[PDB]
2 protein chains.
Amino acid sequence: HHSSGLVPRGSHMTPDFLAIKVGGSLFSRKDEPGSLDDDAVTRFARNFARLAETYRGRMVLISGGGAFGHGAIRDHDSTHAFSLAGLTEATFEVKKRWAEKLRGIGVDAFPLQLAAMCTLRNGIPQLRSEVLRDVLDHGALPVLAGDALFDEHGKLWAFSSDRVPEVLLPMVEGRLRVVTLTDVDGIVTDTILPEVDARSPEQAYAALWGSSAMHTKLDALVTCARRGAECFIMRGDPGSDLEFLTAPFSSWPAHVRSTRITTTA
Amino acid sequence: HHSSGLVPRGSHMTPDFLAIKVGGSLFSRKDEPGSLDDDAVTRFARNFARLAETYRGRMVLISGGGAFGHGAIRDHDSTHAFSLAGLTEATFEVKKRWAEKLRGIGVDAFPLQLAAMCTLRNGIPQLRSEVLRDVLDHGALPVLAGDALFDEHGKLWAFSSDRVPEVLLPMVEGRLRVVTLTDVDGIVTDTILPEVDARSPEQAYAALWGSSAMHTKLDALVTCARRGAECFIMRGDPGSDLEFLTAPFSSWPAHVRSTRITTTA
Ligand SMILES: Nc1ncnc2c1ncn2[C@@H]1O[C@H](COP(=O)(O)OP(=O)(O)OP(=O)(O)O)[C@@H](O)[C@H]1O
Ligand SMILES: Nc1ncnc2c1ncn2[C@@H]1O[C@H](COP(=O)(O)OP(=O)(O)OP(=O)(O)O)[C@@H](O)[C@H]1O
Ligand SMILES: C[C@@H]1O[C@@H]1P(=O)(O)O
Ligand SMILES: C[C@@H]1O[C@@H]1P(=O)(O)O
């Protein structure tokens, strides 16, 4: 044993930090180039803005790539991994769209290029820039997304927005809550699986085999949960009030449906 | 005295690293929103691509903001320094345009958001991300630009592309050559001032008072020259061959006109 800070955890506890990920399905049609649903962005932004005020300096917003990200990956040449570099430009545009919208309603939203801040080493993302922590400490809202990241051999890899919360794990103090908003109510097994134990999540993986994206979400959120995070897969809706995401899980409204991924506590 | 590596320097010596800055005047009309001269970008890119091959892993390309940067600064609200955040999005677009063009002709060009990598402390830019060095070591071409940078108080400042070479100073080993391509042949005093000693450049500053942008260039290049760099202000032209920028200054073609800023050596 090495010593570390004992962190109180449980469904009774308020999160110290929110990582909110908004799936591309919710504001973009992959098979419509450059599509962004401005109404969806507008409405989500209003709900994200209220979270950001409470979680000032204690939140990130992570955007899915939508048409932009999936186009960049579709149009690259796999014989030259460097052609993936266009993905960094694609996912910058989506971050811009969120940040512009949020600033328009008074949120101090700043887009940050994950590729300028993070690289891969033995497959694990490494935060390599101090700027993310600074931005948070200034009380601003980082707008993040997936990206094309370099590995230690100079090879670019597509790193999904779904995995971005992994990057926060060494940086966040206290209780991290990760919320992945998608176009389904959770992991469907048909019923939702309401609880997954990240120590042994084999039944959640077995459910995706039943129903064939979601694998990547599960992988990322298990990884996060094994490092103490309280993670959720749940349905996004542009107009839905998200104030409950500030609250202890045991206090959530009864109508809310999700898959909750944790280790004991 | 503290010891340090003795670096051979002089007009007889080949540069170890090239920082090439392309002024917005050369490819963009400030007062035409979103203007980018695609032909100018195309032609410059072909000439930059030859430098990047020789200087593989030993060069950065820095873009002026043009219409994009100056629009963002024009349209921000000075009563809320955070509205400058749109400048980061503006100068990302210009980096994208260069990097797309360069990749199209086989250069491993990758845009990097300076704001994600650098902050200001007591007015001095601080490189805060290890990713720039990595990208270079991978043999890629960073595409840089000016940006909105945070200070230590959380205030955003417009940091010109002209100042970006300053950020390289602690990072570059060996002889850095900085080349600022603009729409004039150098500092006009009318004749060009061919040599400026960065230790006491008072006559170059006196010339700008004669002729009223250029002040910022001089400040940045003096700063760089005082830390060993060999710096140039010279006229850019999309079709002009730049191969001479790989060569010792004493070997440059006789037709080339510039203002050279150095300390002794
Ligand atoms: N067991 C499962 N339960 C729920 N969804 C599942 C399951 N297995 C696979 N999925 C699929 O995963 C999808 C969610 O992942 P997906 O990557 O499509 O969404 P997103 O990231 O929100 O948006 P985008 O479509 O732009 O990537 C669901 O729509 C569903 O089709
Ligand atoms: N003594 C001087 N010698 C030469 N140019 C000078 C002098 N004093 C002021 N200048 C001005 O500085 C200009 C170059 O700086 P400027 O910022 O306009 O160019 P740029 O960065 O290349 O492009 P952009 O116009 O988009 O910023 C010249 O066109 C000139 O008008
Ligand atoms: C990184 C690529 O845009 C996709 P995702 O982030 O939605 O998985
Ligand atoms: C940073 C603002 O775009 C301008 P410049 O980089 O051309 O000075």
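What you see below is based on every heavy atom in this structure, not just the backbone, and it leaves out hydrogens, waters and symmetry mates. Lettering of chains follows the sequences in order, A, B, ..., and the numbering in each one begins at 1.
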Heavy atoms only: give me the nearest A:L87-A:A148 pair and the separation to one decimal.
CD2-N, 3.8 Å

Which residue, B:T180, B:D162, B:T182, forms the side chain to side chain donor-acceptor pair (under 3.5 Å) with B:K21?
B:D162

Heavy-atom side-chain contact between B:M214 and B:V184 under 4.5 Å
yes

Expected output: side-chain B:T262 to main-chain B:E230 donor-acceptor under 3.5 Å
no

Distance, nearest 0.5 Å, that separates CG of A:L149 from CZ of A:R128
11.5 Å

N/O donor-acceptor pair under 3.5 Å between B:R235 side chain and B:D183 backbone:
yes

Heavy atoms of A:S63 and A:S161 approach each other most closely as O-CB, 3.4 Å

Where the side chain of B:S250 meets the backbone of B:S11, is there a donor-acceptor pair that is under 3.5 Å apart?
yes

B:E243 atom CD: more than 12 heavy-atom contacts under 6.0 Å:
no

Could you grab the distance from atom CZ of A:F150 to atom CG of A:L84, nearest 0.5 Å is fine?
10.0 Å

Compare all side-chain heavy atoms of B:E93 with those of A:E93 and state whether any distance is below 4.5 angstrom.
yes

Apply salt bridge (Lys or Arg N to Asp or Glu O under 4.0 Å) to residues B:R163 and B:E166 and explain how you reach the verdict.
CA-CA 6 Å; B:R163 298 192 62 186; B:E166 295 175 33; 2.8 Å; yes

If we only count heavy atoms from C-beta on, is the B:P170 to B:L127 side-chain gap below 4.5 Å?
no

Enclosure of B:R199 CZ (heavy-atom neighbours >12, cutoff 6.0 Å)
no

Taking the side chain as every heavy atom from C-beta outward, state whether B:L61 and B:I20 have any pair of such atoms under 4.5 Å apart.
yes

Side-chain H-bond candidate by donor/acceptor type, A:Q113 with A:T88, under 3.5 Å
yes

Can you classify the ring geometry of A:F27 versus A:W98 as parallel (below 30°), tilted (30 to 60°) or perpendicular (above 60°)?
perpendicular

Any heavy-atom pair between the side chains of B:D31 and B:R74 that's under 4.5 Å?
yes

Checking B:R257 side chain against B:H255 main chain: does a donor-acceptor pair fall under 3.5 Å?
yes

Just say parallel, tilted or perpendicular for the rings of B:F232 and B:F249, cut-offs at 30° and 60°.
tilted

Going through the checks in order, is the salt bridge (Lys or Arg N to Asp or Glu O under 4.0 Å) test met by A:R97 and A:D38?
CA-CA 9 Å; A:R97 299 288 185 98; A:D38 182 61; over 6 Å; no

Which atom of B:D16 lies closest to which atom of B:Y55, heavy atoms considered:
C-CE2, 4.4 Å

Rounded to the nearest 0.5 Å, what's the gap from OG1 on B:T264 to CZ on B:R9? Could you check?
12.0 Å

More than 12 heavy atoms of other residues, nucleotides or ligands under 6.0 Å from NE2 of B:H12: is that the case?
yes

Point-to-point distance, once rounded to the nearest 0.5 Å, from CG of B:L114 to OG1 of B:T91
8.0 Å

Taking B:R226 for its side chain and B:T263 for its backbone only, find out whether a donor-acceptor pair lies under 3.5 Å.
no

Please check: side-chain N/O of A:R56 versus main-chain N/O of A:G139, any donor-acceptor pairing under 3.5 Å?
yes

Under 4.5 Å between any side-chain heavy atoms of B:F82 and A:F110, yes or no?
yes

Are A:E152 and A:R121 close enough, and set up right, to give a salt bridge (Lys or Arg N to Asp or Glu O under 4.0 Å), and what steps lead you there?
CA-CA 6 Å; A:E152 67 266 56; A:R121 175 153 203 106; 5.0 Å; no

Go through the steps to decide whether A:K95 and A:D147 satisfy the test side-chain contact (heavy atoms from CB on, under 4.5 Å), and finish with yes or no.
CA-CA 11 Å; A:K95 291 181 293 286; A:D147 224 316; 4.3 Å; yes

Would you name the heavy atoms of A:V94 and A:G65 that are closest together and state the gap between them?
CG1-O, 3.6 Å

Could you check if a side-chain atom of B:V188 sits within less than 4.5 angstrom of a side-chain atom of B:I192, using non-hydrogen atoms only?
yes

Intermediate values then yes/no, side-chain contact (heavy atoms from CB on, under 4.5 Å), B:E89 and B:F68:
CA-CA 9 Å; B:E89 294 146 7; B:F68 298 86; over 6 Å; no

Take A:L112 and A:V60 through the side-chain contact (heavy atoms from CB on, under 4.5 Å) test and state the conclusion after the steps.
CA-CA 10 Å; A:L112 298 168; A:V60 299; over 6 Å; no

Has the side chain of A:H138 got a donor or acceptor atom that lies under 3.5 Å from a matching backbone atom of B:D151?
yes

Determine whether a donor-acceptor pair (N or O, by modelled atom type, separation under 3.5 Å) exists between the side chain of A:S28 and the backbone of A:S35.
yes

Please determine whether side-chain contact (heavy atoms from CB on, under 4.5 Å) holds for the pair A:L132 and A:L168, giving the CA-CA distance in whole Å, both sets of side-chain angles, and the decisive distance to 0.1 Å.
CA-CA 9 Å; A:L132 177 57; A:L168 307 170; 4.1 Å; yes

Please find the pair of heavy atoms, one from B:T259 and one from B:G186, that lie closest to each other, and give the distance.
OG1-CA, 3.4 Å

Taking CD in B:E202 as the centre, count heavy atoms belonging to other residues, nucleotides or ligands within less than 6.0 Å. Is the count above 12?
yes

Say whether, by atom type as modelled, one donor and one acceptor occur between the side chain of B:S258 and the main chain of B:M234 under 3.5 angstrom.
no

Least distance between heavy atoms, A:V107 atom then A:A49 atom:
CG2-CB, 3.4 Å

Give, for atom NZ of A:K96 and atom CG of A:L36, the distance between the pair rounded to the nearest 0.5 Å.
10.5 Å

Nearest 0.5 Å, please: how far is CD1 in B:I233 from CG in B:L181?
11.0 Å

Considering only heavy atoms from C-beta outward, does the side chain of B:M171 approach that of B:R133 to under 4.5 Å?
yes

Classify the angle between the aromatic ring planes of B:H215 and B:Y205 as parallel (below 30°), tilted (30 to 60°) or perpendicular (above 60°).
perpendicular

